[PDB]
Amino acid sequence: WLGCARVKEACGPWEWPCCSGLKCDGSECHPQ
């Protein structure tokens, strides 16, 4: 239990849950 991805972490649709307000903009979570 650490937290969530950041605005520079690799995420996806259901592979890595990012924090609230960050959407996978292609591959790296972005600041919306």
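Quick check of the header: solution NMR.
Cβ coordinates are placed from backbone N, Cα and C, and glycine is handled just like the others.
Quick look at what Swiss-Prot lists:
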| type | residues | note |
| --- | --- | --- |
| DISULFID | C4-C19 | disulfide bond |
| DISULFID | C11-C24 | disulfide bond |
| DISULFID | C18-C29 | disulfide bond |
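The structure, with features from Swiss-Prot marked on it.
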residue: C4; record: disulfide bond; Cβ within 10 Å: 13
residue: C11; record: disulfide bond; Cβ within 10 Å: 21
residue: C18; record: disulfide bond; Cβ within 10 Å: 19
residue: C19; record: disulfide bond; Cβ within 10 Å: 13
residue: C24; record: disulfide bond; Cβ within 10 Å: 17
residue: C29; record: disulfide bond; Cβ within 10 Å: 24
Cα separation, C29 (disulfide bond) to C19 (disulfide bond) (Å, whole number): 9
Rounded Cα-Cα span from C18 (disulfide bond) to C11 (disulfide bond), Å: 7
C4 (disulfide bond) versus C29 (disulfide bond) - Cα distance in angstrom: 10
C24 (disulfide bond) to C18 (disulfide bond) - Cα separation in whole Å: 8
Between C4 (disulfide bond) and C18 (disulfide bond): CA-CA distance (Å): 5
